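In the form deposited in one PDB entry, a lone chain appears below as structure tokens.
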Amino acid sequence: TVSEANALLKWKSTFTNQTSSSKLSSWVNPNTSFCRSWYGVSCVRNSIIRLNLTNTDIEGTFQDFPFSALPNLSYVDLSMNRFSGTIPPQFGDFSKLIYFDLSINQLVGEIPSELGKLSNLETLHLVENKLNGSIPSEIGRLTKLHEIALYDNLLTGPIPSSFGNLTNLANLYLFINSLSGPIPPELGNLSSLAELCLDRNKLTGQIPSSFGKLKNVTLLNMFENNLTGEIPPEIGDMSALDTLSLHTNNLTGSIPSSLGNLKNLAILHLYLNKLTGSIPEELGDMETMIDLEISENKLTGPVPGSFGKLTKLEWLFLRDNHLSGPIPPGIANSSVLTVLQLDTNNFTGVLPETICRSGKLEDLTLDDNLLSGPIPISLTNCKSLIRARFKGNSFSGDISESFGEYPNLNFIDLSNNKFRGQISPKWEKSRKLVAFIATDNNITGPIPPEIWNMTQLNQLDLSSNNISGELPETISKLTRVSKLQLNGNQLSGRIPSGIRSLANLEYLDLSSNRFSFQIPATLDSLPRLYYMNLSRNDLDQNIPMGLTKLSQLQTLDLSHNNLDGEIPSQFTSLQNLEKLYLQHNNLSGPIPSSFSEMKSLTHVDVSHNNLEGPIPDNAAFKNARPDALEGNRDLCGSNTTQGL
């Protein structure tokens, strides 16, 4: 004891960057108080058996640790400190060691195989260090081990097959490492195992079929590895499983139907693999299933109708597969289903009547399927909707009757469908809606004025429709819109001056419309705008000087219009302007002597105008093709279509 206290004092004297306020100040009077007052020290029969210095700001190494002087250590917790260096082999000399924790330190080097001498060890914790090399196989000797935690290290090599000899192990945590090679099938001998976390490693090979003997494992995390082969059907024999995660691997073959035998399985993650074949209908017998994610695979065939038996199903992710056939009604029949991601598949037919039958669906994705028909009535009245994506289908019906009031709606995408009718003002009650995208539909009529009352709208895309009417000046109320796309419609009249007020506007496209008369002269107050496309309209008169004050403009397209007069010399204020399309207009005069000042100008078309004179000094005019510069009255000082 006095020798133990002296030995620990000499080790303490090697600590660096220490403070008088350290909790080790109590290490005084070794001859009297070692077993009564010393912080972290506890004794039996006046001999230290417990050294607990966790989170005491100790900075040092174990080189001068008094191994020989503390023979009776049974509990060592030196975690959450600033210990550096290696783990000396003499740590294996503490024959009575039961608990050993060096976690959350700055230790380096390999794990000494002498730890396999600690025959009484029940907990080994070495997490969150920089330990490298292979795990010693002699650790498999420690048959009293209840828990091994080596995660968040730099360990390499295979998991030792001796680990199968640890008949009392309950938890094996080896995640966040660089372990490699095949998983030893001897792990199937770990009959007491409850948690197997080998995720985030570089493990290869097949999942051992002996895993079917692990009847007590409730958590199997092996995701983010490089496992190959197919999921062995023996996995369906791990009856205690409630979480099975094999995602982000290179697994192939079919999903074994034996997974339906996992009556306690609540979480199944199989995504980001190369699984093929059909989804077994026996997967509908996973009665506890809450979170089923087998998205991002190559599964084919139809979704089984037995999915209606998954009464606890909350999240279903089937996106990015090759599933086909009609969507069976049981896929959305769960009363607690809140996420239903089916996009990027080959589903056909119409949506089932069960989609939002409980009024709890929040996330629905159906992008890029072959679906068609009407929106089901339970979807029209699904007030819990937060995101809904129908893009890339053949859905039909009156858009004013197919969609109700969605107060919790945040994002909706109806693009590339066959919706008809007029935009209803009901959308205005989606006070949380930040994006409304309905490109490429058969929407007709005017835009209801309530749409401009959506100050929270960030992105509004009604392009490639048959919308008509004149835009009112109340369009200025969209304070937070940054992407406005109304192009490809039959909107008529003047462009409203109120677009001035859309300060956050970055991307504005009013092209391919019937806008007439002059571009608003006041339109000069869009500091975030980098793209403006007013092409293919009926606009005329001079190009207004206000456009030259939108400094951040990168791309400007005023082509296919009836603008006249001269290109202003104030285009020099568009230093950021890269693309400038002015073709098919009635512009006149000289390209202003000032275009040299503009530098980022690479793609310019000024063809089919009445301009005359010489081309100015910058790339795009040198790099212009015949079509880019043709059709003007008097081109170039030396009448050139080729260089100078």
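Numbers follow the displayed sequence, beginning with 1.
The form deposited with a partner chain bound is left out here; the points below concern that form.
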> Does each of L115, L145 and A170 have at least one heavy atom within 4.5 Å of its partner chain in the deposited complex?
Replying inline: no
Testing 125-133, 440-448, 325-333, 537-545 against its partner chain in the deposited complex with a 4.5 Å heavy atom criterion leaves exactly one stretch, namely 125-133
Of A240, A149, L272, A266, the only residue with a heavy atom within 4.5 Å of its partner chain in the deposited complex is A149
None of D77, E186, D368, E234 but one has a heavy atom within 4.5 Å of its partner chain in the deposited complex; the exception is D77
Looking in the deposited complex, any heavy atom of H560 within 4.5 Å of its partner chain? no
Check your understanding: Do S103 and its partner chain share at least one heavy atom pair within 4.5 Å in the deposited complex?
Key -> yes
Check your understanding: With the partner left out of view, is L219 within 4.5 angstroms of its partner chain in the deposited complex by any non-hydrogen atom?
Key -> yes
Is there a heavy atom of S593 lying 4.5 Å or less from a heavy atom of its partner chain in the deposited complex? no
